[PDB]
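This document starts with two versions of one protein chain, written out as structure tokens and named structure 1 and structure 2.
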Structure 1
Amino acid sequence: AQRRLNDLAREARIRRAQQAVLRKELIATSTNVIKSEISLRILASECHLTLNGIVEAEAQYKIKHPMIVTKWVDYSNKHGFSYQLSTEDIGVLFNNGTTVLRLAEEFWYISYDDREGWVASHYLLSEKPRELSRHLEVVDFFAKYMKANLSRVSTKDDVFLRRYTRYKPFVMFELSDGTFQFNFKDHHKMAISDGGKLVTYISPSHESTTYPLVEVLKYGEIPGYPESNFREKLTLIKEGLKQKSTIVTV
């Protein structure tokens, strides 16, 4: 019959359906710019070390909660990027690269050096400089705006955000303590801490639990939530991590 020509064409279709074309690669639509090669090397490194912990734990499956970003605003085109940590400190990444981190009293003023990566300067709000007066006006505006109509909350040093990157599927946060946090369009979140060994999961309804990664991989899924597509989400993390680990010049 002509079913032979049909069955053969069918078979070739199934083979081709197992390969890719027009497949999405991670593209950053927004990220803070780092004007230091050394700063990038430190970032790239941290991505590699943390990735290694994932991969080591991936080939090897056969509880302290990390600091996280509770809310954020990418206003990069106007004022700058803002965020709030589980410590309820507020940071603002200014478009020049500098940062002001106001504690829960005082604030840190951060920027980077071509010879020393990141540089920080602690101040008292009492003793704030006149030159940094506009910065804290912007922080004050971000602090109040974020309180009013952004929603989330969390329950041994000062931590700031070195790098954020917004992809279509998720926004990725690189904190200064080596923690990585991923916010998915699924409204599911997870944070990778402690060299890649520990994984934290935050729910759409804001339930958060920290678990060893080996265990979670022993489960084959986060224990509470089956709706969370963990395998795919851990794959995106890995793709995101690897991409950054090679960004060492700009």
Structure 2
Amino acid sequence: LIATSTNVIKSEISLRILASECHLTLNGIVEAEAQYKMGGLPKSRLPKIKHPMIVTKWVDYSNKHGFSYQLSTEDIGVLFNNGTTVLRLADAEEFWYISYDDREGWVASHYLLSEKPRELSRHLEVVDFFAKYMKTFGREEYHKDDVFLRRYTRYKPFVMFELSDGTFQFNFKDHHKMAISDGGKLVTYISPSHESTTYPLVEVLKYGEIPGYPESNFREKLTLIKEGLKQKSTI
């Protein structure tokens, strides 16, 4: 696998955290494969099926001062070239400014668009551009499921998204998408018509393919996924 591009992470602590999640779900995938091959049944209660956060839209321009994406919450993020992020909530009133922190890797600050700080004014002009184009977070109820994009990597066969809740999303050339969550225990298949279905990974392995989508070439995709995770874990 040869990454054509990826965002630059300047923080060693951030890189450690990223590598840990890559390591974590790769281990999970390998364990699911071991359960399939050797038949062990974990004492642990099975993973509750929960649809993960997904990236529904993204764009990688060179001349607009950032990478941008939309999430299934309809939140819009801009990943700026210095590695900071503005995450604009779908309500079009609140946003997070996310920057580096020497203790936690990333830190997020809560703002209102109506009370925009002057030192983020140009950031929000860029965010406004991408909002037009498209059309960490505490424990408050409105924010407890908030997620942002920590790292993306573009490969020829797929683009890989690493979300802040530990979910990994893989968009393949054939417009089949797969998201791995819950430490590699759950796989979410997103069809080319955006029909979303989530399964325990071990169940898909035993079945041999994604239910309802025999053309999705699951085993090749899972191999690519493992290669992606393995590579990113070495940084």
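Residue numbering: sequential along structure 1, first residue numbered 1. Take the two forms, find the largest set of C-alpha atoms that superpose within 1.5 Å, and that set is the rigid core.
Here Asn77 counts as shifted, since its C-alpha moves by at least 2 Å between structure 1 and structure 2 after the core is aligned.
After superposition on the rigid core, displacement of the C-alpha of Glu88 between structure 1 and structure 2 stays below 2 Å.
Relative to the superposed core, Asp113 undergoes a C-alpha shift of no less than 2 Å between structure 1 and structure 2. Superposed on the core, the two forms differ at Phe182, whose C-alpha moves 0.2 Å between structure 1 and structure 2.
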